[PDB]
Amino acid sequence: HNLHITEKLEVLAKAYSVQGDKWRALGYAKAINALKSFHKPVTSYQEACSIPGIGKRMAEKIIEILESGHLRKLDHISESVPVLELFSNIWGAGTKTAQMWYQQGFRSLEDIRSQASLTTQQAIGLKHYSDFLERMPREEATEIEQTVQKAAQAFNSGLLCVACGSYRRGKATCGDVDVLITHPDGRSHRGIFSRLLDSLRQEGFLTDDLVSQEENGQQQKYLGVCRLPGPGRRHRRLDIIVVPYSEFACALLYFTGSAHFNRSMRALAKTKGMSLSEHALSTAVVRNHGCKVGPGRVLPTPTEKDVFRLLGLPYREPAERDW
DNA sequence: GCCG
DNA sequence: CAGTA
DNA sequence: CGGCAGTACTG
Ligand SMILES: Cc1cn([C@H]2C[C@H](O)[C@@H](COP(=O)(O)OP(=O)(O)OP(=O)(O)O)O2)c(=O)[nH]c1=O
Ligand SMILES: *P(=O)(O)OC[C@@H]1CC[C@H](n2ccc(N)nc2=O)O1
Ligand SMILES: [Mg+2]
Ligand SMILES: [Mg+2]
């Protein structure tokens with residue numbers, strides 16, 4: 001749809017990402033998307049360069065696959081890449097940890113299990129290695145959001161619970177369940193992680209915690225593992241955010257994504273002198289190297305339609321925000 | 001990697 | 001803070 | 001030349 005050159009460029013982009021080339025991998029990912037998001041198959045080098053996201057270097061790699069049906073660079077990928085990919089797919093381990101485990105001589109999850117030094121999160125990630133690479137049907141994500149909502153609404157009926165991420169973008173499968181919690185009164189959303197997590201543990205729903213700062217009263221997120229009851233259940237990842245009602249549209253926009261749509265909209269805000277985050281859309285933001293020097297003023301954004309409007313953009317329903 |  | 005998210 | 005989103009835990 002309408003190119004197989006992306007299949008070859010994805011192998012080389014995955015290789016740079018696992019090796020830590022964060023920015024070289026990004027350039028490849030944007031070129032891959034531009035190639036998947038195009039009408040007529042690319043037949044010329046000038047036709048390849050005309051597309052935004054494809055430069056001279058990327059066009060000549062596309063001209064090599066068109067002429068030869070083979071990209072020479074793939075025959076000289078580091079032999080470590082499959083192992084680094086295997087290790088970075090552990091929750092809590094990234095490019096740095098995987099490179100370190102590789103230098104130390106580990107080549108399998110058996111060597112990680114028996115010989116590696118694992119963090120608490122890395123040990124939970126390894127314990128659910130397959131389940132965590134598995135996507136659930138959106139119907140199970142409904143069961144999970146309904147579980148979190150029932151426990152949250154049980155102690156405070158006014159609480160608003162919404163499933164975001166891929167679920168809200170109408171996707172058929174979900175990597176995890178992203179639940180946003182808020183309160184229309186603007187003050188009762190405070191200190192509910194204590195009660196909500198307590199409640200979900202009493203019923204044996206939460207199996208493990210990955211990120212959960214419960215010592216602080218200003219805990220913003222919960223990242224953990226859950227499992228619905230009955231046979232045939234797998235362990236599913238859960239992501240909960242509790243936000244002030246005033247920041248609802250921005251938190252809802254942020255948490256619906258995609259990650260690439262948020263980046264694209266935030267980069268656009270930067271060009272209009274504004275700043276967009278999960279908390280607020282700000283204006284008159286002073287910047288130096290593109291870093292915040294001044295705070296600016298928060299703009300009133302009661303709904304997601306106001307964020308698009310204040311940025312001079314037409315509204316995009318969640319399903320049209322995949323990129 | 002790409003682009004201002 | 002660097003790593004990971 | 002140099003930024004590539006902006007922010008939240010963990011130890
Ligand atoms: C990972 C990531 C997520 N987010 C936002 C947008 C995502 O839609 C939202 C939820 O995070 P994710 O759950 O990682 O993404 P997802 O729901 O789109 O897809 P998946 O089915 O793979 O779970 O958080 C960012 O803004 N930046 C990031 O780098
Ligand atoms: P993890 O499962 O990859 O991430 C869980 C949540 C999703 C939103 C948040 N996140 C992840 C990565 C980045 N770069 N920024 C974020 O806000 O962590
Ligand atoms: Mg990982
Ligand atoms: Mg998700």
Side-chain angles (χ1 to χ4, degrees), chain A residues 6 9-35 48-55 57-62 71 73 87-101 117-125 132 165 175-176 178 193 209-216 218-224 237-243 247 250-251 253-255 257-272 274-282 285 287-290 292 295-296 298 307 311:
Chain A
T6 69
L9 296 186
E10 274 167 62
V11 180
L12 185 51
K14 192 153 76 174
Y16 286 127
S17 197
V18 300
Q19 288 179 104
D21 232 310
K22 191 206 201 289
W23 304 123
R24 192 176 297 282
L26 186 69
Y28 270 72
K30 292 180 177 189
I32 286 156
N33 183 268
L35 284 182
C49 296
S50 80
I51 299 155
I54 308 189
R57 287 181 291 174
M58 200 67 72
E60 55 210 2
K61 286 183 176 75
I62 296 152
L71 187 63
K73 185 63 167 176
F87 293 169
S88 45
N89 282 339
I90 289 161
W91 202 108
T95 185
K96 259 61 181 78
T97 300
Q99 296 224 108
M100 196 212 60
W101 288 335
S117 191
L118 294 166
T119 70
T120 301
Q121 294 166 345
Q122 288 167 0
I124 294 153
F132 285 7
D176 72 338
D178 303 303
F193 267 122
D209 320 318
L210 295 157
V211 179
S212 186
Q213 193 167 253
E214 289 164 62
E215 66 263 31
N216 188 225
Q218 320 213 84
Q219 178 175 0
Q220 291 190 47
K221 77 182 76 198
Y222 174 78
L223 306 175
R237 291 178 293 101
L238 188 57
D239 187 351
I240 306 164
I241 65 167
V242 175
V243 309
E247 312 177 346
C250 282
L253 182 64
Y254 150 72
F255 214 40
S258 66
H260 293 291
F261 165 88
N262 293 339
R263 286 166 88 164
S264 159
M265 185 150 292
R266 289 172 185 202
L268 183 133
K270 218 197 178 98
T271 69
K272 310 196 131 92
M274 292 169 210
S275 186
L276 176 65
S277 83
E278 67 176 79
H279 304 289
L281 174 62
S282 288
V285 176
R287 284 195 190 78
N288 68 348
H289 313 285
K292 265 182 148 185
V298 167
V307 182
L311 293 169

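For the numbers below, each heavy atom of this structure counts, side chains included, while hydrogens, waters and symmetry mates do not. Sequence lines set the chain letters: A, B, ... in the order given, protein chains first and strands last, and positions in each chain run from 1.
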Of all the choices, [options], which nucleotide is nearest to the side chain of [X] once you look at every atom?
| X | options | answer |
| --- | --- | --- |
| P52(A) | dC3(B), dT7(D), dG3(D) | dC3(B) |
| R266(A) | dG6(D), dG1(B), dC9(D) | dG6(D) |
| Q213(A) | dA8(D), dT10(D), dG1(B) | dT10(D) |
| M58(A) | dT4(C), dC2(B), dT10(D) | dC2(B) |
| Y254(A) | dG6(D), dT10(D), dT7(D) | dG6(D) |
| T97(A) | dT10(D), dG3(C), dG1(B) | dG3(C) |
| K221(A) | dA8(D), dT10(D), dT4(C) | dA8(D) |
| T120(A) | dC4(D), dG11(D), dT7(D) | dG11(D) |
| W23(A) | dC4(D), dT10(D), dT7(D) | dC4(D) |

Using whole Å, report how far [atom1] of [X] lies from [atom2] of [N].
| X | N | atom1 | atom2 | value |
| --- | --- | --- | --- | --- |
| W91(A) | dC9(D) | CH2 | P | 12 Å |
| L311(A) | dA5(D) | CG | P | 15 Å |
| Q122(A) | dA2(C) | CD | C1' | 13 Å |
| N262(A) | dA5(C) | CG | P | 18 Å |
| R24(A) | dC3(B) | CZ | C1' | 15 Å |
| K61(A) | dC2(B) | NZ | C1' | 12 Å |
| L238(A) | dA5(C) | CG | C1' | 15 Å |
| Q121(A) | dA5(C) | CD | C1' | 8 Å |

N/O (side chain, [X]) to phosphate O (OP1/OP2, [N]) under 4.0 Å:
| X | N | answer |
| --- | --- | --- |
| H289(A) | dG3(D) | yes |
| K270(A) | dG6(D) | yes |
| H279(A) | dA8(D) | yes |

Please report the distance separating the P of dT4(C) from the corresponding atom of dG6(D), rounded so that it comes out in whole Å.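 The same atom, P, in both gives a distance of 22 Å.
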Inter-nucleotide P distance (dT7(D), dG1(B)), Å rounded: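 It works out to 31 Å between them.
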For atom NZ of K272(A), is the number of surrounding heavy atoms from other residues, nucleotides or ligands below 6.0 Å larger than 12?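 Yes, enclosed.
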Ignoring hydrogens and angles, are the base of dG1(B) and the side chain of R57(A) linked by a donor-acceptor pair under 3.5 Å?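 Per atom types, no contact qualifies.
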Relative to each other, are the rings of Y28(A) and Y16(A) parallel, tilted or perpendicular (30° and 60° limits)?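 Because their plane-to-plane angle lies in the 30° to 60° range, the rings of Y28(A) and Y16(A) count as tilted.
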Under a 3.5 Å cut-off for both contacts, is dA5(D) paired Watson-Crick or G-U wobble with anything, and if yes, with which nucleotide?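 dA5(D) is paired with nothing.
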Sugar-phosphate only, base, or nothing, as touched by [X] at under 4.0 Å among non-hydrogen atoms:
| X | value |
| --- | --- |
| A269(A) | nothing |
| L223(A) | nothing |
| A267(A) | sugar-phosphate |
| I90(A) | sugar-phosphate |
| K30(A) | nothing |
| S264(A) | nothing |

Using the sign of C1'-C2'-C3'-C4', would you call the sugar of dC1(D) north or south?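 Taking the sign of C1'-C2'-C3'-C4' as the criterion, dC1(D) has a south sugar, on the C2'-endo side.
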Pairwise side-chain contact, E214(A) with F193(A), heavy-atom cut-off 4.5 Å (strictly under):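 With C-beta onward as the side chain, the pair stays apart.
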Taking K61(A)'s backbone N and O only, do any of them form a donor-acceptor pair with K73(A)'s side chain (distance below 3.5 Å, no angle check)?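 Pair absent, no side-chain N/O of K73(A) close to backbone of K61(A).
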If I take atom NE2 from residue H279(A) and atom OH from residue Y254(A), how far apart are they, to the nearest 0.5 angstrom?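 Here the rounded value is 9.0 Å.
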Please report the shortest heavy-atom distance between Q19(A) and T95(A), naming the atom on each side.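 Scanning both residues completely, I find the closest heavy atoms to be C-OG1, 3.6 Å.
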If every non-hydrogen atom of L253(A) is compared with every non-hydrogen atom of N262(A), which pair is closest and at what distance?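 That closest heavy-atom pairing would be O-OD1, 3.5 Å.
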